[PDB]
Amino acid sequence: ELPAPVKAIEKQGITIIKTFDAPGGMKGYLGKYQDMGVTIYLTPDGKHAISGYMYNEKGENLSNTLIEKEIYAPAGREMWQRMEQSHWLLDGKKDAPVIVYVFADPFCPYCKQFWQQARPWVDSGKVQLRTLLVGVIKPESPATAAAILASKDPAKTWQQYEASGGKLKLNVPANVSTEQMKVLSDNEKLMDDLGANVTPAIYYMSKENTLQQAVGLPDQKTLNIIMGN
């Protein structure tokens, strides 16, 4: 079966995912304890195993890197793709290295405050905010979001709208177009799939491309991390 020392560690509540190659003639085992990723290393003598974190000369926590890359990160990747394939509005330079998605409703105070918080990074060209509009808070949310999407330059209109705290006057059409309704409904479903029904629901990448989430108004630390600082 499995080496005795490793079997002993399994009995401590660990479920093995797979085996992997490690340095120094050691064999590695990737697993989980409850929801936590863990790495086990079989010693050269083969009669001992160490459950813990391996570091290299440069000081990188190799176990952390592997756990984030193979356990925590994967499942959310297809979601990041779905957001990229959605009809989002661009706020910032198209080539900004840091991409942040935000599900926002026209009648949401914190969406506006987050928009303001992000200015330094967006204006410097470091971050680009991609907004996926939804109409779920107020009776007029759908129509207002659709009106923004119906404007000549939706992205600019949204920026002006958020900058004005929602005081920006708009031309609200006689009805929501079928295309606008599809965008809003598709965005709402994706938002629901991501797990947070409250706006703003902010998504960004960190920790070996793990899809991260922030809901509501981020505090200073979370903001700096979202912005890739």
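One rule holds for the numbers: they count along the sequence shown, beginning at 1.
Enquirer: So which stretch wins on mean C-alpha B-factor, 100-108 or 137-145?
Expert: Result: 137-145.
Enquirer: Which is higher on mean Cα B factor in this entry, 18-26 or 212-220?
Expert: According to the entry, 18-26 carries the higher average C-alpha B-factor.
Enquirer: In terms of recorded Cα temperature factor, pick the maximum from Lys182, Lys69, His48, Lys32.
Expert: So the option with the highest C-alpha B-factor is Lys69.
Enquirer: Highest recorded C-alpha temperature factor, please, choosing from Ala75, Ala155, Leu129, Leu132.
Expert: Spelled out: the listed residue with the top C-alpha B-factor is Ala75.
Enquirer: Where does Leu190 sit by CA temperature factor within its chain: lowest, middle or highest third?
Expert: Its C-alpha B-factor, which the entry lists for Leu190, ranks in the lowest third among residues of this chain.
Enquirer: Where does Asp91 sit by CA temperature factor within its chain: lowest, middle or highest third?
Expert: Bottom third by C-alpha B-factor.
Enquirer: In terms of the chain's CA B-factor thirds, is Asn61 lowest, middle or highest?
Expert: Within its chain, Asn61 is a middle-third residue by C-alpha B-factor, going by the deposited values.
Enquirer: Among the chain's modelled residues, which third holds the C-alpha B-factor of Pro200?
Expert: CA B-factor rank for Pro200: lowest third.
Enquirer: Quick check on the deposited entry: does the C-alpha B-factor of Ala4 sit in the lowest, middle or highest third of its chain?
Expert: Highest third.
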